[PDB]
């Protein structure tokens, strides 16, 4: 029971192939009591999360909605019971308008589109920490999902820029969270075949972008000394759970790579 007795909020579930779905499942398998947040399609999300090993309250959260964020801590407290606080928070949220990715030229993404993507994908990590820190216990843990942006790559375009911003935000959140005895880290995962990504490989963002992303994935498994299985989010979910546990108690403002070791190898 890695997370026995811990109360953990998990955002970012939209389908059963969501990385956050697997994070939630493994966390419950390890004894965590969950509260879920979902964006927009709550009926869908409730139906999806019915399949989790245990029941978990579902709260609505649009990270671009200031009213949602202002009320979030109160709604969470209602859900877990007055006198109880969170031990863990999982940020598994990301989005970039199509103009900011794929075959649409990098220079052709309008700032309003870029700004929306950075809002949801980077700023909201700070938004969620602001909302939830006042209801977190000492020794608590905030975790976000990263895709290694240290080098540029085809197709990912402005989403890669958004991840660069997220990594910087994480280091500042660590400074704030430290006052509460709370850690803040990112997990940089290898590529995972979510619905959206499958759609992209299938050409949803242009044939050229599809081809490059497919090449990107193949080179990843090739580089990874222990391989990489894009169809399996479990090793990622387990890593997130390691950061939510008491077993990395001196790590904060940092990035843990769950990518098969691909980023440490050139060829």
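Positions refer to the first chain, counted from 1.
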| item | value |
| --- | --- |
| Of 140-148 and 94-102, the one with larger mean CA B-factor | 94-102 |
| Between the two ranges 108-116 and 165-173, the one averaging a larger CA B factor in the entry | 108-116 |
| Chain thirds of CA B-factor: placement of residue 230 | middle |
| CA B-factor ranking of residue 8, expressed as a third of its chain | middle |
| Third of the chain's Cα B-factor distribution that residue 240 belongs to, per the entry | lowest |
| Residue 17, C-alpha B-factor rank within chain (lowest, middle or highest third) | highest |
| Where the record places residue 183 (Cα B-factor, split into thirds across the chain) | lowest |
